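> Pasting a structure below so you can have a look.
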Amino acid sequence: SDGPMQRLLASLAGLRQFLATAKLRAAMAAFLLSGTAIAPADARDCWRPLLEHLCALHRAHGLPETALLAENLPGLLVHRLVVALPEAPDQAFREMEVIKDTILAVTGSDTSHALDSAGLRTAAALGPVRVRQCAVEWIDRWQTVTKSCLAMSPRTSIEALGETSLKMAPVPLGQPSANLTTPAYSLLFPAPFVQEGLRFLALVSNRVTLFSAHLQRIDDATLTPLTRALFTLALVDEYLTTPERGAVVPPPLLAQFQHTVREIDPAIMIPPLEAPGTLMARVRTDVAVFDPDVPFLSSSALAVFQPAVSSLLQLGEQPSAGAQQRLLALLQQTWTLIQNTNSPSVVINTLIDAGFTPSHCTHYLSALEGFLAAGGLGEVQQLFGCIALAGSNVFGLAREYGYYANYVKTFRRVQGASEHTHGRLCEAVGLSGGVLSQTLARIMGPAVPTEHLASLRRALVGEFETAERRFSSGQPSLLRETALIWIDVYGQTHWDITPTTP
Ligand code: NA
């Protein structure tokens with residue numbers, strides 16, 4: 001078992017028994033940009049002797065570089081401590097807890113005694129007390145928020161409770177992870193344990209977000225009982241049904257569905273909430289709900305009723321002029337809003353409010369594409385094409401929307417493959433020459449972390465200034481480049497920063 005920390009530990013022990021200058025110093029330079037990263041076990045076994053040898057070997061020679069690496073080795077270690085989180089919550093909180101104990105091991109009082117023993121400083125920006133404070137706050141708050149979202153989530157798993165329904169207030173996609181990116185945490189942003197925690201919390205949070213919106217249009221009174229029951233069927237199909245258990249329905253929701261569905265005109269037929277195939281398919285009718293004289297569908301949420309619409313767009317149907325005027329109002333409002341908005345929360349809310357639940361967007365895509373195969377579209381069909389392309393891609397990026405480094409990669413894959421998926425529709429409607437990648441880019445674009453890397457750079461410059469200043473009056477430490485290259489190379493490697501320095 002060799003590892004970077006292990007390699008420099010063994011290298012540094014032999015130095016203790018200006019050749020030691022070149023060897024020692026090139027060794028530090030080699031540790032700061034070793035390709036691999038430290039596993040928790042390695043840090044836990046090797047933290048003590050490496051720190052002892054570094055503090056005493058520091059004491060004998062008194063170079064600024066030993067002083068700095070000793071003063072800020074905790075943070076430089078958590079910068080390189082690998083994190084792998086499992087899908088299951090138990091395994092995830094467990095796995096995070098082992099790292100909490102790893103940093104507690106790094107930031108022990110023994111390190112403060114061995115730094116103060118060597119005349120060093122324990123209050124360094126990446127020093128033990130600071131790294132301890134920031135990591136502890138971030139991880140504790142991380143559990144509290146992640147479990148909070150995990151409780152008000154659709155719980156269809158084998159894991160036994162009853163899913164909350166009326167409980168939920170609409171949460172934006174970014175609000176849970178928002179406190180965890182404040183500039184206060186800039187010092188630890190490149191750490192894998194922030195990024196991994198943020199993808200986990202993003203995955204739970206976004207699901208809770210969609211579930212919140214769709215619940216909101218469940219419990220609305222202005223909507224017609226037909227529209228109400230339709231949102232109910234969609235909710236059940238997409239968030240409360242698994243291949244493993246047929247239907248997972250709370251008794252209050254099922255009773256509410258019963259009383260609301262008995263109000264519907266028997267001209268339109270609705271299946272009861274009970275366990276294959278989705279329920280939304282089971283709905284059958286012959287009435288043209290789109291006609292304005294007809295009062296059955298709320299003109300607000302008119303695309304919620306997937307069978308009649310999918311028939312409209314597969315069969316290229318020609319609605320009554322009043323019905324069509326009823327459509328182009330909603331479709332054209334929705335698409336004007338989507339076209340001219342940069343808030344993902346707003347576009348989510350307006351897609352769900354219009355009845356454009358993700359699976360619907362899918363069926364709609366399928367319906368048009370199949371139309372263009374057999375056949376140049378009406379404005380109804382073209383606008384459904386717009387909202388369904390942009391809707392499918394916004395809903396795809398929505399699950400993983402976060403401020404972590406991987407959303408750049410996923411976002412690149414998705415906007416790259418946005419237009420080419422269902423190319424006939426996309427070119428026929430106009431999103432062809434990069435326009436859809438432009439829209440998805442403006443609304444779902446990944447956040448830019450230049451400020452966090454700048455701030456951390458300034459802090460590392462400061463620890464360089466003090467650390468050299470005490471140990472070398474003039475300040476010509478050769479290791480500056482070696483420290484800054486990690487910053488630029490992280491920036492362009494994970495975040496694709498250009499990069500640039502002041
Ligand atoms: Na930089």
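Chain labels run A, B, ... following the order of the structure tokens; each chain numbers its residues from 1, and ligands are numbered from 1 in the order shown.
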Write out, as CSV, each residue of chain A that has an atom at most 8 Å from ligand 1, together with the closest pair of atoms and their distance in Å to one decimal, counting only C-alpha atoms and all ligand atoms, rows going by chain and rising number.

```
residue,atom,partner,partner_atom_place_in_ligand_line,distance
A:450,CA,ligand 1,1 (Na),7.7
A:453,CA,ligand 1,1 (Na),6.3
A:454,CA,ligand 1,1 (Na),6.2
A:457,CA,ligand 1,1 (Na),7.1
A:484,CA,ligand 1,1 (Na),7.4
A:487,CA,ligand 1,1 (Na),5.6
A:488,CA,ligand 1,1 (Na),4.5
A:491,CA,ligand 1,1 (Na),6.7
A:497,CA,ligand 1,1 (Na),8.0
A:499,CA,ligand 1,1 (Na),5.6
A:500,CA,ligand 1,1 (Na),5.3
A:501,CA,ligand 1,1 (Na),5.0
```
> Give me the residues near residue 84 in chain A as a PDB file with N, CA, C and O atoms, in the first residue's frame, where near means some atom within 9 Å (using only C-alpha atoms) and where sequence neighbours in that chain fewer than 6 positions away do not count.

```pdb
ATOM      1  N   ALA A  92     -25.491   6.507   2.930  1.00  0.00           N
ATOM      2  CA  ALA A  92     -24.941   7.826   2.634  1.00  0.00           C
ATOM      3  C   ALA A  92     -24.588   8.582   3.911  1.00  0.00           C
ATOM      4  O   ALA A  92     -23.501   9.161   4.018  1.00  0.00           O
ATOM      5  N   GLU A  95     -21.640   6.805   5.496  1.00  0.00           N
ATOM      6  CA  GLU A  95     -20.425   7.118   4.757  1.00  0.00           C
ATOM      7  C   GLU A  95     -19.952   8.539   5.041  1.00  0.00           C
ATOM      8  O   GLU A  95     -18.748   8.781   5.183  1.00  0.00           O
ATOM      9  N   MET A  96     -20.879   9.492   5.155  1.00  0.00           N
ATOM     10  CA  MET A  96     -20.465  10.854   5.472  1.00  0.00           C
ATOM     11  C   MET A  96     -19.922  10.927   6.894  1.00  0.00           C
ATOM     12  O   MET A  96     -18.969  11.671   7.173  1.00  0.00           O
ATOM     13  N   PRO A 192     -13.854  17.316  -2.308  1.00  0.00           N
ATOM     14  CA  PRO A 192     -14.814  16.354  -2.865  1.00  0.00           C
ATOM     15  C   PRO A 192     -16.031  16.152  -1.988  1.00  0.00           C
ATOM     16  O   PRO A 192     -17.067  15.695  -2.487  1.00  0.00           O
ATOM     17  N   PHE A 193     -15.957  16.512  -0.710  1.00  0.00           N
ATOM     18  CA  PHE A 193     -17.008  16.143   0.224  1.00  0.00           C
ATOM     19  C   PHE A 193     -18.149  17.161   0.165  1.00  0.00           C
ATOM     20  O   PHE A 193     -19.329  16.795   0.335  1.00  0.00           O
ATOM     21  N   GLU A 196     -19.771  16.136  -3.521  1.00  0.00           N
ATOM     22  CA  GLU A 196     -20.553  14.908  -3.442  1.00  0.00           C
ATOM     23  C   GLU A 196     -21.795  15.109  -2.576  1.00  0.00           C
ATOM     24  O   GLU A 196     -22.909  14.712  -2.961  1.00  0.00           O
TER      25      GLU A 196
END
```
> Determine, counting only C-alpha atoms, which protein, DNA and RNA residues have an atom within 9 Å of an atom of residue 344 in chain A; residues of the same chain fewer than 5 positions away are not included. Present the result as a VMD selection string.
chain A and resid 172 to 173 349 394 398 443 to 444
> Export, as an mmCIF file, in the first residue's frame, the selected residues with N, CA, C and O atoms.

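part37.cif was written with the following content:
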```cif
data_model
loop_
_atom_site.group_PDB
_atom_site.id
_atom_site.type_symbol
_atom_site.label_atom_id
_atom_site.label_comp_id
_atom_site.auth_asym_id
_atom_site.auth_seq_id
_atom_site.Cartn_x
_atom_site.Cartn_y
_atom_site.Cartn_z
ATOM 1 N N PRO A 172 -38.303 25.922 -4.134
ATOM 2 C CA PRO A 172 -37.473 26.042 -5.334
ATOM 3 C C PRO A 172 -36.373 24.994 -5.342
ATOM 4 O O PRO A 172 -35.970 24.461 -4.307
ATOM 5 N N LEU A 173 -35.896 24.697 -6.549
ATOM 6 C CA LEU A 173 -34.873 23.672 -6.735
ATOM 7 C C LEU A 173 -33.570 23.987 -6.018
ATOM 8 O O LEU A 173 -32.856 23.062 -5.612
ATOM 9 N N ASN A 349 -42.669 25.821 -12.482
ATOM 10 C CA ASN A 349 -44.017 26.095 -11.992
ATOM 11 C C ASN A 349 -45.004 26.303 -13.138
ATOM 12 O O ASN A 349 -46.138 25.815 -13.078
ATOM 13 N N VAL A 394 -35.748 20.634 -19.907
ATOM 14 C CA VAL A 394 -35.725 21.322 -18.614
ATOM 15 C C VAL A 394 -36.026 20.353 -17.480
ATOM 16 O O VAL A 394 -35.410 20.414 -16.406
ATOM 17 N N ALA A 398 -33.548 19.145 -14.598
ATOM 18 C CA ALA A 398 -34.077 19.571 -13.310
ATOM 19 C C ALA A 398 -33.698 18.597 -12.205
ATOM 20 O O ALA A 398 -33.460 19.009 -11.068
ATOM 21 N N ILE A 443 -31.329 29.328 -19.233
ATOM 22 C CA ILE A 443 -32.170 29.137 -18.056
ATOM 23 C C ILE A 443 -31.568 28.087 -17.127
ATOM 24 O O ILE A 443 -31.616 28.226 -15.896
ATOM 25 N N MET A 444 -30.977 27.025 -17.697
ATOM 26 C CA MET A 444 -30.466 25.901 -16.923
ATOM 27 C C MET A 444 -28.947 25.878 -16.879
ATOM 28 O O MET A 444 -28.362 24.855 -16.517
#
```
> Quick one: of A:250, A:119, A:14, A:4, who's nearest to residue 467 in chain A, counting only C-alpha atoms?
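The answer is A:119, which sits nearest to residue 467 in chain A.
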> I need the alpha helix (DSSP H) residues of range 192-339 of chain A per DSSP on the backbone, written as number ranges by chain.
A: 192-218, 225-239, 251-262, 279-282, 306-314, 321-339
> Excluding same-chain residues fewer than 3 positions from residue 283 in chain A, what lies within 7 Å of it counting only C-alpha atoms, as an MDAnalysis selection string?
chainID A and resid 269:271 280
> For residue 496 in chain A, work out the shell of residues within 12 Å, counting only C-alpha atoms and skipping chain neighbours fewer than 3 positions away, then give it as a list in words.
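Everything that qualifies: residues 405, 406, 407, 408, 409, 412, 446, 447, 448, 449, 450, 487, 488, 489, 490, 491, 492, 493, 499 and 500 of chain A.
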> Which residue out of A:93, A:189, A:411, A:371 has the minimum interatomic distance to residue 142 in chain A when only C-alpha atoms are used?
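Closest to residue 142 in chain A of all the choices is A:93.
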> Just want the 9 Å neighbourhood of range 418-428 of chain A, counted on only C-alpha atoms, with same-chain residues fewer than 5 positions away dropped. Output as a VMD selection string.
chain A and resid 365 to 366 368 to 369 372 to 373 376 to 377 382 385 to 386 389 to 390 392 to 393 413 433 to 437 440
> The selected residues should be written to file as a JSON list (two decimals), in the first residue's frame (atoms: C-alpha atoms).

```json
[["chain", "number", "residue", "atom", "x", "y", "z"],
["A", 365, "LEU", "CA", -42.63, 14.40, -28.27],
["A", 366, "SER", "CA", -43.54, 10.84, -29.30],
["A", 368, "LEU", "CA", -45.46, 14.71, -33.03],
["A", 369, "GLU", "CA", -42.40, 12.71, -34.12],
["A", 372, "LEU", "CA", -43.98, 13.63, -39.03],
["A", 373, "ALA", "CA", -42.94, 10.06, -39.87],
["A", 376, "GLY", "CA", -45.72, 21.10, -41.86],
["A", 377, "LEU", "CA", -47.69, 21.48, -38.63],
["A", 382, "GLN", "CA", -45.91, 23.56, -33.36],
["A", 385, "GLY", "CA", -43.63, 20.89, -30.03],
["A", 386, "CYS", "CA", -41.79, 23.86, -28.53],
["A", 389, "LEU", "CA", -38.91, 19.82, -26.39],
["A", 390, "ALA", "CA", -37.88, 22.56, -23.99],
["A", 392, "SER", "CA", -38.50, 17.51, -21.66],
["A", 393, "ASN", "CA", -34.98, 18.92, -21.50],
["A", 413, "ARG", "CA", -24.25, 16.12, -22.46],
["A", 433, "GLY", "CA", -29.53, 25.82, -35.47],
["A", 434, "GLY", "CA", -28.52, 25.87, -31.80],
["A", 435, "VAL", "CA", -31.52, 27.85, -30.55],
["A", 436, "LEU", "CA", -32.72, 25.22, -28.07],
["A", 437, "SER", "CA", -29.19, 24.85, -26.68],
["A", 440, "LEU", "CA", -31.50, 25.66, -22.14]]
```
> Give the answer as one residue: which of A:171, A:275, A:478, A:330 has the shortest atom-to-atom distance to residue 204 in chain A, using only C-alpha atoms?
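Closest residue, counting only C-alpha atoms: A:171.
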> As a PyMOL selection string, please: the residues near residue 201 in chain A (cut-off 12 Å, only C-alpha atoms, same-chain neighbours under 3 positions excluded).
chain A and resi 85+87+89+92-93+139+141-150+173-178+180+193-198+204-209+399-404
> For a test of reading the model, state the distance in Å between CA of residue 322 in chain A and CA of residue 381 in chain A, rounded to one decimal.
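Going from CA of residue 322 in chain A over to CA of residue 381 in chain A covers 16.1 Å.
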> Provide the CA of residue 309 in chain A to CA of residue 336 in chain A distance in Å, to one decimal place.
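Rounded to one decimal, the two atoms are 20.4 Å apart.
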> So what do you get for CA of residue 214 in chain A versus CA of residue 445 in chain A, distance-wise?
24.0 Å
> Could you check the closest approach to residue 29 in chain A for each of A:43, A:323, A:136, A:69 and tell me which residue wins, using only C-alpha atoms?
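Closest to residue 29 in chain A of all the choices is A:69.
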> With distances taken over only C-alpha atoms, which of A:138, A:239, A:211, A:290 is nearest to residue 168 in chain A?
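Closest candidate: A:211.
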